[PDB]
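Coordinates from structure09.txt are shown below (compact mmCIF, C-alpha atoms (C1' of nucleotides)).
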```
# COMPACT_ATOMS: atom_id res chain seq x y z
CA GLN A 68 -210.69 185.12 -95.39
CA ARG A 69 -209.30 181.88 -96.83
CA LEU A 70 -205.75 183.25 -96.70
CA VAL A 71 -206.26 184.48 -93.13
CA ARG A 72 -207.57 181.07 -92.05
CA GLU A 73 -204.72 179.24 -93.80
CA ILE A 74 -202.17 181.50 -92.10
CA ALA A 75 -203.80 181.17 -88.67
CA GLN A 76 -203.86 177.38 -89.05
CA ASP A 77 -200.04 177.36 -89.01
CA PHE A 78 -200.05 179.01 -85.56
CA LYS A 79 -202.91 177.21 -83.77
CA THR A 80 -205.27 174.49 -84.96
CA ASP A 81 -209.06 174.62 -84.54
CA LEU A 82 -209.48 178.40 -84.59
CA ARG A 83 -212.62 180.44 -85.23
CA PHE A 84 -212.91 183.96 -86.60
CA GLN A 85 -215.59 186.63 -86.25
CA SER A 86 -216.88 188.85 -89.03
CA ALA A 87 -215.75 192.01 -87.23
CA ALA A 88 -212.24 190.60 -86.75
CA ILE A 89 -211.98 189.66 -90.44
CA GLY A 90 -213.23 193.11 -91.44
CA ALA A 91 -210.71 194.82 -89.16
CA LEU A 92 -207.89 192.66 -90.53
CA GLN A 93 -208.93 193.49 -94.10
CA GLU A 94 -209.12 197.22 -93.36
CA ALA A 95 -205.70 197.20 -91.67
CA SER A 96 -204.14 195.24 -94.54
CA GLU A 97 -205.67 197.61 -97.10
CA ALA A 98 -204.41 200.68 -95.23
CA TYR A 99 -200.92 199.20 -94.89
CA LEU A 100 -200.86 198.31 -98.60
CA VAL A 101 -202.04 201.82 -99.52
CA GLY A 102 -199.27 203.36 -97.42
CA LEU A 103 -196.68 201.02 -98.90
CA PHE A 104 -197.86 201.88 -102.42
CA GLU A 105 -197.66 205.60 -101.61
CA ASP A 106 -194.08 205.13 -100.41
CA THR A 107 -193.33 203.05 -103.52
CA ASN A 108 -194.69 205.75 -105.84
CA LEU A 109 -192.66 208.37 -103.96
CA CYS A 110 -189.49 206.29 -104.34
CA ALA A 111 -190.21 205.73 -108.04
CA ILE A 112 -190.77 209.45 -108.67
CA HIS A 113 -187.59 210.24 -106.74
CA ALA A 114 -185.71 207.93 -109.14
CA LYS A 115 -186.99 209.85 -112.20
CA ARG A 116 -189.46 207.09 -113.07
CA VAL A 117 -193.22 206.61 -113.32
CA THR A 118 -193.69 202.83 -113.22
CA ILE A 119 -193.13 201.22 -109.83
CA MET A 120 -190.59 198.43 -109.32
CA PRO A 121 -189.97 195.85 -106.58
CA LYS A 122 -186.74 197.70 -105.76
CA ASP A 123 -188.92 200.65 -104.75
CA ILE A 124 -190.93 198.46 -102.35
CA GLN A 125 -187.72 196.97 -100.95
CA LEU A 126 -186.25 200.43 -100.33
CA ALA A 127 -189.50 201.59 -98.71
CA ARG A 128 -189.61 198.56 -96.40
CA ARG A 129 -185.93 199.02 -95.53
CA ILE A 130 -186.39 202.70 -94.65
CA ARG A 131 -189.58 202.04 -92.68
CA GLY A 132 -187.74 199.40 -90.63
CA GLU A 133 -189.77 196.34 -91.63
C1' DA B 1 -147.19 193.65 -116.16
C1' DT B 2 -144.09 196.54 -112.75
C1' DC B 3 -142.09 199.91 -109.23
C1' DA B 4 -142.19 204.26 -105.78
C1' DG B 5 -144.86 205.92 -102.67
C1' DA B 6 -147.25 207.45 -98.50
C1' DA B 7 -150.86 205.05 -95.44
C1' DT B 8 -151.84 201.03 -92.08
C1' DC B 9 -151.18 197.02 -88.52
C1' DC B 10 -148.39 194.63 -84.86
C1' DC B 11 -144.74 194.56 -81.57
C1' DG B 12 -140.99 196.33 -77.14
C1' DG B 13 -142.74 199.26 -73.21
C1' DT B 14 -145.13 201.41 -69.51
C1' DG B 15 -147.68 202.86 -65.96
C1' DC B 16 -152.08 204.49 -63.91
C1' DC B 17 -156.64 205.30 -62.90
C1' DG B 18 -160.31 202.14 -63.76
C1' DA B 19 -161.41 197.32 -62.73
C1' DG B 20 -161.34 193.92 -58.95
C1' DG B 21 -161.28 191.82 -54.10
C1' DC B 22 -162.48 192.37 -48.75
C1' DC B 23 -165.19 194.46 -43.74
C1' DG B 24 -169.25 196.41 -40.81
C1' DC B 25 -174.05 196.68 -40.51
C1' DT B 26 -178.62 197.17 -41.21
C1' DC B 27 -182.75 197.49 -43.78
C1' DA B 28 -184.82 194.54 -46.87
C1' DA B 29 -185.72 189.48 -47.30
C1' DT B 30 -187.38 185.19 -44.56
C1' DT B 31 -190.18 182.54 -41.06
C1' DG B 32 -194.64 181.72 -38.66
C1' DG B 33 -199.66 182.74 -38.01
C1' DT B 34 -204.31 184.66 -38.73
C1' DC B 35 -208.24 186.54 -42.28
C1' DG B 36 -210.54 186.04 -47.00
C1' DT B 37 -211.75 187.22 -51.33
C1' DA B 38 -210.67 186.48 -56.17
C1' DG B 39 -209.88 182.17 -58.59
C1' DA B 40 -210.88 177.25 -60.07
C1' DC B 41 -214.87 174.07 -61.25
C1' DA B 42 -219.67 172.35 -62.46
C1' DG B 43 -224.01 173.46 -64.77
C1' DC B 44 -227.90 175.75 -68.80
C1' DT B 45 -228.19 177.86 -72.55
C1' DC B 46 -228.77 179.84 -77.33
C1' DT B 47 -226.51 182.51 -80.23
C1' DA B 48 -222.90 182.56 -83.14
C1' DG B 49 -220.03 180.08 -86.18
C1' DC B 50 -219.80 176.48 -90.03
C1' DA B 51 -220.92 173.64 -94.16
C1' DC B 52 -223.78 173.45 -98.51
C1' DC B 53 -227.17 174.46 -102.32
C1' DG B 54 -229.94 177.77 -106.20
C1' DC B 55 -229.48 181.41 -109.30
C1' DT B 56 -226.78 185.45 -110.99
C1' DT B 57 -222.90 188.23 -113.23
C1' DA B 58 -219.18 191.47 -113.45
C1' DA B 59 -214.32 190.21 -112.86
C1' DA B 60 -210.15 187.75 -114.68
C1' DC B 61 -207.44 185.44 -118.34
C1' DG B 62 -205.80 184.65 -123.43
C1' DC B 63 -205.62 187.19 -128.02
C1' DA B 64 -203.88 191.52 -131.56
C1' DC B 65 -200.63 195.36 -132.52
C1' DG B 66 -197.60 198.79 -131.88
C1' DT B 67 -195.25 202.46 -128.66
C1' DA B 68 -193.41 205.06 -125.36
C1' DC B 69 -191.48 204.67 -121.17
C1' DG B 70 -187.00 201.83 -120.16
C1' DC B 71 -182.39 201.65 -120.79
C1' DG B 72 -177.22 201.62 -123.13
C1' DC B 73 -174.14 205.22 -125.10
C1' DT B 74 -172.51 209.89 -126.18
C1' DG B 75 -170.86 215.57 -125.57
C1' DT B 76 -170.09 218.87 -121.86
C1' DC B 77 -168.49 221.37 -118.14
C1' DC B 78 -168.90 221.50 -113.34
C1' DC B 79 -168.18 221.51 -108.44
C1' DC B 80 -166.70 218.73 -105.40
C1' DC B 81 -161.55 215.80 -104.35
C1' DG B 82 -157.59 217.09 -102.43
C1' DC B 83 -153.14 220.04 -100.84
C1' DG B 84 -150.97 224.82 -98.85
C1' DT B 85 -151.66 229.08 -95.74
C1' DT B 86 -152.97 230.95 -90.99
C1' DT B 87 -156.70 232.11 -88.34
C1' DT B 88 -160.48 232.17 -84.91
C1' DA B 89 -162.18 229.15 -80.77
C1' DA B 90 -160.16 230.28 -76.74
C1' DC B 91 -155.93 230.42 -73.38
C1' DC B 92 -151.99 233.10 -70.19
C1' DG B 93 -147.52 238.65 -68.43
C1' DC B 94 -146.04 243.65 -67.99
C1' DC B 95 -148.38 249.15 -68.01
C1' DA B 96 -149.54 253.72 -64.75
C1' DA B 97 -154.83 253.61 -62.33
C1' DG B 98 -153.98 254.30 -55.81
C1' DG B 99 -153.62 252.49 -50.29
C1' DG B 100 -149.97 253.70 -47.39
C1' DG B 101 -144.72 254.40 -43.36
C1' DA B 102 -141.78 258.54 -43.55
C1' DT B 103 -140.76 264.95 -41.79
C1' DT B 104 -140.25 269.49 -40.43
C1' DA B 105 -131.62 269.38 -38.20
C1' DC B 106 -128.66 269.20 -33.45
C1' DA B 107 -127.91 270.34 -27.59
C1' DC B 108 -130.04 273.07 -23.31
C1' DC B 109 -134.01 275.74 -19.97
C1' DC B 110 -138.68 277.29 -17.86
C1' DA B 111 -144.19 275.85 -16.24
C1' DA B 112 -148.28 271.88 -14.82
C1' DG B 113 -151.17 266.29 -14.46
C1' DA B 114 -151.12 261.08 -13.00
```
Let me see whether you can do it: turn the structure in this file into structure tokens.
Amino acid sequence: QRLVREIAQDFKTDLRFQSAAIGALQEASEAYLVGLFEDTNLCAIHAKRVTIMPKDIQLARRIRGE
DNA sequence: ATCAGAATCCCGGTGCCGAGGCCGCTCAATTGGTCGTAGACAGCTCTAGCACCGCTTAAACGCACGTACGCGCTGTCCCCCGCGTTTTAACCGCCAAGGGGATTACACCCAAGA
């Protein structure tokens, strides 16, 4: 919640947030991170490796189009 | 280091079908006027958001030691890297299947209708 407020402050000052909105943001961020970690593990296994590396995340984000 | 070699870019050169300029309307855009409801503004409110304290505790960071996943280097033989030959994806002229004019010689005579 603190990170969300600090990020939203850079876009518009004096902003309020509801509990449902914060929960939805947290759920969406967790799902996106889980998907990114799945893609990272897939890329690491494809490279004959077990431990994940930032190169795996970069390749996943480049293939996904982010 | 150094050269011979096939592969690549720019220049005379050219013309032609695509890019570019012009004419007549006419159907969409503009003007003017009459309804009129969804939009802008003021007011009451209380719920929802915000800041702070009391007490609690499992989560997060520093420590100890080695190891196994991480990564450089080696032996192999492999299946693509690349050239030479037509061929398979279609593109391009003469056979032996029939539809038709032509004939039954030459000259003469008789009979009977429009």
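Distances here use all atoms listed in the file; by that measure, the residue among B:90, B:83, B:57, B:49 closest to chain A is B:49.
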Return as a PDB file with C-alpha atoms (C1' of nucleotides), in the coordinates of the input the residues belonging to chain B that are within 10 Å of chain A, counting all atoms listed in the file.
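Output file iface-v6.pdb is given in full below:
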```
ATOM      1  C1'  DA B  48    -222.900 182.560 -83.140  1.00  0.00           C
ATOM      2  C1'  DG B  49    -220.030 180.080 -86.180  1.00  0.00           C
ATOM      3  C1'  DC B  50    -219.800 176.480 -90.030  1.00  0.00           C
ATOM      4  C1'  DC B  69    -191.480 204.670-121.170  1.00  0.00           C
ATOM      5  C1'  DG B  70    -187.000 201.830-120.160  1.00  0.00           C
TER       6       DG B  70
END
```
(request) Kindly indicate which residue among A:97, A:103, A:112, A:121 lies nearest to residue 133 of chain A, using all atoms listed in the file for the distances. (result)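 Of A:97, A:103, A:112, A:121, the one nearest residue 133 of chain A, counting all atoms listed in the file, is A:103.
Going from atom CA of residue 94 of chain A to atom CA of residue 68 of chain A covers 12.4 Å.
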(request) Go ahead and compute the interatomic distance for atom CA of residue 76 of chain A and atom CA of residue 88 of chain A, in Å to one decimal. (result) 15.8 Å
Around segment 46-65 of chain B, with edges along x, y and z and 6 Å added on all six sides, what centre and edge lengths do you get, in Å to one decimal, as AutoDock Vina command-line options?
```
--center_x -215.3 --center_y 184.4 --center_z -104.9 --size_x 41.3 --size_y 33.9 --size_z 67.2
```
(message) List as number ranges by chain the protein and nucleic acid residues near residue 106 of chain A, meaning an atom at most 10 Å away when only C-alpha atoms (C1' of nucleotides) are counted, but skip any in the same chain fewer than 6 places from it.
(response) A: 100, 112, 123-124, 126-128, 130-131
(message) Could you tell me how far atom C1' of residue 80 of chain B sits from atom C1' of residue 6 of chain B, in Å to one decimal place?
(response)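 For atom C1' of residue 6 of chain B relative to atom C1' of residue 80 of chain B, the distance reads 23.5 Å.
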